[PDB]
Amino acid sequence: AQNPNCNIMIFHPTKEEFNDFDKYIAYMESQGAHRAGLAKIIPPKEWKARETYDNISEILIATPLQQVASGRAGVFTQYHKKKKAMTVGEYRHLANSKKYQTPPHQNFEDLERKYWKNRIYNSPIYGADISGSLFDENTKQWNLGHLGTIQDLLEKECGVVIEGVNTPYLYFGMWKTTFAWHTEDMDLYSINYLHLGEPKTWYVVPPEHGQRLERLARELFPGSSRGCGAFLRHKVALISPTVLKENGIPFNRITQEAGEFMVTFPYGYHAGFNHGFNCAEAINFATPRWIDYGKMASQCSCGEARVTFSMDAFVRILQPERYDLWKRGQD
Ligand SMILES: O=C(O)CNC(=O)C(=O)O
Ligand SMILES: [Mg+2]
Ligand code: NI
Ligand SMILES: [Zn+2]
């Protein structure tokens, strides 16, 4: 078996290898990459997402989210308070203000120490889940607005035509903005490109060990667990690397820099934080190997997780027994 310790793998495709997206994903999996839950892909040196980022300031963040924490430094939840609309130029100025800017630090490890010590004492503002793309239409390779759709994959593998669409989303971050422990909707893959700015640190649990993370989360968030049988779908819970180590949970970490892609694999729990002002683009995708994960994915039926129009069809076709109860949650 390849990559039996489930380490995060880093790939450096040539421009020739960067032509065929599906083929490269299948290659990475042939080397065991999926066992980690997360891989990094450094694009060929000749490739670019677009010519410049000079003209993005007028993108609107219609509903910036203030991420307010509760709990202890290593075990906390966050709630998202809605704020008034602002442009990306206005958000960048806010991220760079004395109140929100990255503190002085020695290196990424020192900054990670400072994040886990101090995150709960601040409420950074995140622009999340903004439908759109920053890839130039002329970028033909690994353009996250031009991928094969999940509805087309399901149709190709299973023969069933379904409604729904698959588009990318933009993320504008600042120091301490946080993504909670989660897998993707329907345990899909994700791909994330860091277009510009400061890094993003990721933590990930190997898919084969995801249930260990779930059992710890039920112990650490016991009222949330009683409220919902898949409460990590709410995307609110954080657990630090120190707490994971104290409880024997297998995980890995890596820092993504501007210009780099990350891929998350089916049922790879992940969480992380931004180092300073940045912009990322991400989308879900599927492969043939995903189908069985989609059939087994947990679902939130308490009604908190509330997700896209296109997830309906996935549940209806892959999980017809759950359909009924999951849609009672979504209506
Ligand atoms: O970058 C972010 O805030 C969160 N993104 C992801 O969870 C992803 O790409 O799967
Ligand atoms: Mg603009
Ligand atoms: Ni994700
Ligand atoms: Zn729920």
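Start at 1 and go down the list; that is how both ligands and their atoms are numbered. Each residue takes its place number in the sequence, starting with 1.
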Subject >> For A95, side-chain contact (heavy atoms from CB on, under 4.5 Å) partners two or more places apart >> reply: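 If we apply the side-chain contact (heavy atoms from CB on, under 4.5 Å) test to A95, skipping adjacent residues, the hits are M174, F277.
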Original post:
Taking the six-membered ring for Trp, is the centroid-to-centroid distance between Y203 and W116 below 6.0 Å?
Top reply: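 Yes; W116 has its ring centre under 6.0 Å from that of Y203.
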**OP:** Output yes when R322 and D312 qualify as a salt bridge under the 4.0 Å nitrogen-oxygen rule, no when they do not.
**Re:** no
**OP:** May I ask you to decide if the ring planes of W47 and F18 are parallel, tilted or perpendicular, using 30° and 60° as cut-offs?
**Re:**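 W47 vs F18 ring planes: perpendicular.
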Subject >> Under-2.8 Å protein N/O/S neighbours of the Ni ion (ligand 3), ordered by chain then residue number >> reply: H182 NE2, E184 OE2, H270 NE2
**OP:** With sequence neighbours left out, write down each residue that passes salt bridge (charged side-chain N to carboxylate O under 4.0 Å, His left out) with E112, or none if nothing qualifies.
**Re:** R253
Show me the donor-acceptor pairs within less than 3.5 Å that the side chains of residues 152-162 make with the rest of the protein, sequence neighbours left out.
unit_1, atom_1, unit_2, atom_2, d
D152, OD2, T149, OG1, 3.4

**OP:** Could you please compute the angle at the Zn ion (ligand 4) from NE2 of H234 to SG of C228, rounded to 10°?
**Re:**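 Vertex at the Zn ion (ligand 4): approximately 110°.
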